[PDB]
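A.B. asks: Generate a structure from the sequence data that follows.
(one chain, ligands or ions: 2)
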Amino acid sequence: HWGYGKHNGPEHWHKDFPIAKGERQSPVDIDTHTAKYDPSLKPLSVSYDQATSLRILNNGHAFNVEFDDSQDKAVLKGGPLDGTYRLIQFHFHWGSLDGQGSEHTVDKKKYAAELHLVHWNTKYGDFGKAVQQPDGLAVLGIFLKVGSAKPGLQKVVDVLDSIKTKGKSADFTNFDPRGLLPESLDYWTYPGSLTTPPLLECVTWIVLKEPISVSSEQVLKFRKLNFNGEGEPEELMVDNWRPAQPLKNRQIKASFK
Ligand SMILES: COC(=O)[C@@H]1C[C@@H](OS(N)(=O)=O)CN1S(=O)(=O)[C@@H]1O[C@@H](COC(C)=O)[C@@H](O)[C@@H](O)[C@H]1O
Ligand SMILES: [Zn+2]
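C.D. replies: Numbers count the residues shown, from 1 in each chain. Ligands and ions are numbered 1, 2, ... in the order given. What follows is the structure:
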């Protein structure tokens, strides 16, 4: 089944997941001149001080850092959101080259990678119930460009050797995701979807305007990961991004003038 190759990639997904051609699919191009400032947007609240990371996993599509979401330890509130959304995991999408890798684009510009911090709406009790709801998830998206190193990313980078292939995991406790944020929390927001199968239309997207910088050495280590399992022919984990989808009947709102 699905992946990012020529024969199982994004242009094939609709055959197993017809919602791929739905009315609120992600990612999208963010046209900065068409996005409208919305003064009704409340300030974004990112409360990660009590975040409890557990594990990092290569699942054959990306690497995922998982959190304890059995209590309100790390939460996202405010902005366009009603209620409390619990951090469950984060992951990245990245390219084979610095000129591509992000899922969202900004005036058609592609960044080298994109970080997704996934949160679920606690009024639905668990993640599996939340993805069945139009306001079930809030994903915080952060662009990566190549320049100076991101110190808060390095602990992630240095563990990747231990999870090279699909199915491998490692202990990843006491990681502080606050070290992955840019200075500004200015954002764009729109209603959208998961960007991987099952492509469910359950996400409030919050995409930060300010990218973070990571070093060429850091993103090079992303690209040494493997889509395949151990003892299988090596396929480098690169270009695990879905391209921009039609905006259709949606307006992207900006938190800033
Ligand atoms: C809690 O886990 C999740 O939310 C993942 C990531 C999230 O991606 S994103 N691009 O839309 O923010 C999708 N879901 S998911 O539907 O639960 C999760 O994701 C997939 C791949 O996703 C990645 C990035 O590796 C699959 O393997 C899949 O079986 C799904 O259950
Ligand atoms: Zn993602």
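A.B. asks: thought residue 151 was touching residue 180?
C.D. replies: No. Contact criterion CB atoms under 8 Å: residue 151 and residue 180 do not qualify, at 10.1 Å. Heads up, the C-betas are built off the backbone N, CA and C, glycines and all.
A.B. asks: Of those two, which one has the most company?
C.D. replies: Remark: of residue 151 and residue 180, residue 180 carries more neighbours, 22 against 8, as counted by other CB atoms under 10 Å.
A.B. asks: Can you give me the neighbour number for the spatially closest residue to the more buried one that is not a sequence neighbour?
C.D. replies: Once flanking residues are discounted, residue 180 sits nearest to residue 152: 5.4 Å by CB to CB, 6 or more residues apart in numbering. Counted by other CB under 10 Å, the residues lying close to residue 152 total 15.
A.B. asks: what's near enough to touch residue 152?
C.D. replies: Applying CB atoms under 8 Å, 6 or more residues apart in numbering to residue 152 gives the contacts 176, 178-180.
A.B. asks: near ligand 1, which residues of the stretch 1-150 of the chain?
C.D. replies: Neighbours of ligand 1 within the stretch 1-150 of the chain, by CB under 6 Å from any ligand atom: 59, 61-62, 88-89, 91, 116, 118, 127, 139.
A.B. asks: May I see those arranged in TSV, with distance to residue 48 and secondary structure as well?
C.D. replies: Shown next, in TSV, are these (distance: CB to CB, whole Å; DSSP: H, G, I helix; E, B strand; the rest coil):
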residue	distance to residue 48	secondary structure
59	23	coil
61	24	coil
62	20	coil
88	13	strand
89	13	strand
91	16	strand
116	15	strand
118	13	strand
127	18	helix
139	15	strand
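A.B. asks: what about the residue of the chain positioned farthest from its centre, distance to residue 239?
C.D. replies: In the chain, residue 231 marks the outermost C-alpha relative to the chain mean, sitting 28.8 Å out by CA atoms, centre = their mean. Taking CB to CB, to the nearest Å as the measure, residue 231 falls 23 Å from residue 239.
A.B. asks: Equivalent analysis for residue 122, please.
C.D. replies: 34 Å.
A.B. asks: Then residue 226?
C.D. replies: On the measure of CB to CB, residue 226 and residue 239 end up 14 Å apart.
A.B. asks: and the two? which has more neighbours close in?
C.D. replies: Comparing residue 226 with residue 239 by other CB under 10 Å, the one with more neighbours is residue 226, at 19 against 16.
A.B. asks: For the closest residue to that one other than its chain neighbours, pull up the helix or strand it's in.
C.D. replies: Nearest non-adjacent residue to residue 226, counting by CB to CB, 6+ apart: residue 165, 4.6 Å away. Per DSSP states H and E, residue 165 falls between elements, in no helix or strand.
A.B. asks: show me the contacts for residue 165.
C.D. replies: 58, 226, 228-230, 232.
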